[PDB]
Every structure is written in structure tokens, then in C-alpha cells.
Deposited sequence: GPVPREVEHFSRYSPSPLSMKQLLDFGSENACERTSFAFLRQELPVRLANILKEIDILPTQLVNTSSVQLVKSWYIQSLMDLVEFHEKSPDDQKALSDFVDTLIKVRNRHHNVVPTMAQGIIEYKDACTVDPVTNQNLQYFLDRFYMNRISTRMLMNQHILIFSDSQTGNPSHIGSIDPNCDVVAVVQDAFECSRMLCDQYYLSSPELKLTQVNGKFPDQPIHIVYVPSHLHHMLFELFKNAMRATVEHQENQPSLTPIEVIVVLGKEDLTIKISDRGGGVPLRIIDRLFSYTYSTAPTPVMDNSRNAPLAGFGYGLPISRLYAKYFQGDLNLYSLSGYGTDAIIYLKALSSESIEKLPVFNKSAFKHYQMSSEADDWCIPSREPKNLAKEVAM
């Protein structure tokens, strides 16, 4: 155990809200501040999760695949710790940091499948760990991307966005895209794909467009995954008739909640097996997409009617200020689990 990882674990991750993240990019010409935050936060999160890997079962940590993960994280942690001596005023430091972050985003690019093989080689504590390990990566990928897309010279992301956050996200538009994205995957395999019957309701101000601060890609991931599932299930279960049953989506904005319910008539699944769809042990989709919903204090649930069809609901937070990161911490409360 390298002295830096034992050290930086001895801190707790600091969750940020999308309001705050938003701010690192507005009147704020200060990447000076992002640099001092992230050169501290990234090592802490990586160190926390490296520590929780040491408790994984003997046979598991010693898989080729986990050992490769260990070494990348340990490498990026090292690389980030080296920026600790420089000042946030050092223009040369600010820029190397962008490159090193790009370097770490790259190094970690194979992390999520590698991890899978790592388990597909070796119960309920796996699940607990995989959910945390993956949330950990979602959160670091997001902080690095955010910094990279706001400050780097040559990755400027979507101009509407501050980083990858759309402060005025057209929720239904994302629903159409993700559906129209899944709709054309399904046509690679079937003579037909379900249509989209969609309804919106604006709690706050009625008959006005639905917009909230969110990260459009995370939403896109959730919805696509759930639309693909709906379609495949609607086409398998009705392999008889001519036209399929449409897929019904309602988008609802309320005081605190942004809710999206996706309904299909794909035959459903028994209560007993639902719990397995959300298990890592196909994917990694439903499980991951749920981590995405939960990553900012939302959620994703499945309610099926075995013999008829399935409802999928996503919950997002409606206000930037309550969209707060949900981060695992390696402490004793976690130790006993």
C-alpha cells in the first residue's frame, strides 16, 4: 500500500452540486480554483476506492484484471499528487494539469470492462462493491471531463453546455433523440420497431417547455438503455401480430421532481427475476444506468406486470442545488458492510 493512498484515503470525498459545478464555468475565469480543488479531490476519491479494493476477497484482488485497475488508479493518483507543489497561479501548471487529466481519462478508459472480467473470473457484497466502484468512476470521469471541457484549448464540448452540463436541458428532446437512437438500432434486427407515444406535463408553469439543469449524456444513457429494453420486449412478446404496441412515455416536471415513466406492452417479467436484471452477476446497462440516475440524488426503478408489460420510471432532481453527488466513502460504517 503506497504511502500516498493510505494518506489521501484518510479524507472523505467532498460532494458537489450541479449548481456549484455550473459555477466553475461562468463568470469564473478561475480554473485556478478548479485546479486546487481537483488536485486534492481526485486523489482522495481514487484513494478511497483503492482502499475498498483491498477488502475484496483474496482471489479477486489478485486477478490479472483487478491488479491492472489497481495500478492505473495508483498511477493517476501519483500523477495528480505531483501538482501539489505548484501554485494555481502558474500558467504552466494549469496547462500541464489539463494534459495530465486528459492522460488519466485515457488511462482509465478500459477500466469498466476490465473490472467485469475481474469478477466474471471469480454474492451480495460484490454488488455493493460494484455499485460503489462504478459510482466512483462516474464521479471522477465527470470532474475531469468538466475541467477538461471548460479550460482545455482544444476540447470545448457542446457550446450550449458548461462542460458537459446543460443549464437549460430540453428533457423531451433528449427523450426523442434517445428513442430515435434506439429505434434505429432495433431496425437492424426487426422488420418493425415500436412507435413513440409521448406526453408531457409541466407542474410549475403548465403548457410551458420542460427544462432543467442536467447532464444530457447521462440522461441519454438511462433512456436509451430503457428504450432498447422496451423495444426488444415488445417485439419478442408480440412476434405474432402486424404492428407492435407503441411505447408510452410521459415526462413530468414538478416542484422538486423531474419524472419520466416509460411503459411498454412487452409481456413483463416475474417479480422474482427483476432483482437479477439489476445484478452485475446483460450489461453493463440497467445497473449502470441506475447508478447514473442516483449519481445526482435521483433514481431509476422497474415495475413490471408479468404477463402484460413493464413500466420504467426515472427520477431526477428539478433544482440544481439538490442535484448533489452521491459518493461512496471508505470508512468503518462501510467496513462492516
So which bits of the deposited sequence did not make it into the model? 1 to 2, 125 to 134, 294 to 312, 369 to 394
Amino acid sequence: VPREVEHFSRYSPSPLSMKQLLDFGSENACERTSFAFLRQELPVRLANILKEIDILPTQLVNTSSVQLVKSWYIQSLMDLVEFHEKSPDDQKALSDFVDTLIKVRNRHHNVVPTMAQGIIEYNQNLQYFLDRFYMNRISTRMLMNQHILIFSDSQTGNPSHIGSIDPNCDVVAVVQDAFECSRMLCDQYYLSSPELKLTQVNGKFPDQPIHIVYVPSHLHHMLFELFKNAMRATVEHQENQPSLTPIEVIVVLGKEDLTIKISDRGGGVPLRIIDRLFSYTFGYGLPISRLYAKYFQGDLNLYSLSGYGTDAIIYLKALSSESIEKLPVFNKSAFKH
From here on, numbers count along this sequence of modelled residues.
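Under this definition, the rigid core comprises the largest set of C-alpha atoms superposing within 1.5 Å between the forms.
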Report the stretch with the higher root mean square CA deviation, pooled over structures and residues in 7 other deposited structures of this protein, choosing between 97 to 105 and 180 to 188 after a rigid core fit. 180 to 188
Fit on the core, then compare CA atoms: does 227 to 235 or 189 to 197 lie farther from this form in 7 other deposited structures of this protein? 189 to 197
Of the other entries that cover residues on both sides, do at least a third skip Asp153? yes
Tell me whether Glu27 is absent from the model in at least one third of the other entries compared, counting only those where the residues either side are present. yes
Tell me which of 190 to 198 and 262 to 270 has the higher mean C-alpha B-factor in the deposited entry. 190 to 198
Of 309 to 317 and 18 to 26, the stretch whose C-alpha atoms average the higher B-factor in the entry: 18 to 26
Highest CA temperature factor in the entry: which of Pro242, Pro167, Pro216, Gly254? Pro242
In this PDB entry, which of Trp72, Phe227, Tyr134, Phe205 has the top CA B-factor? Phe205
Could you look up the Cα B-factor of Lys51 in the entry and say which third of the chain it sits in: lowest, middle or highest? middle
Based on the deposited C-alpha B factors for this chain, I'd like to know if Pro159 is in the lowest, middle or highest third. middle
Which third, lowest, middle or highest, does the C-alpha temperature factor of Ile247 belong to within its own chain? middle
What third of its chain's C-alpha B-factors does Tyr122 belong to: lowest, middle or highest? highest
Lowest, middle or highest third: which one holds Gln297 when the chain's residues are ordered by CA B-factor from the entry? lowest
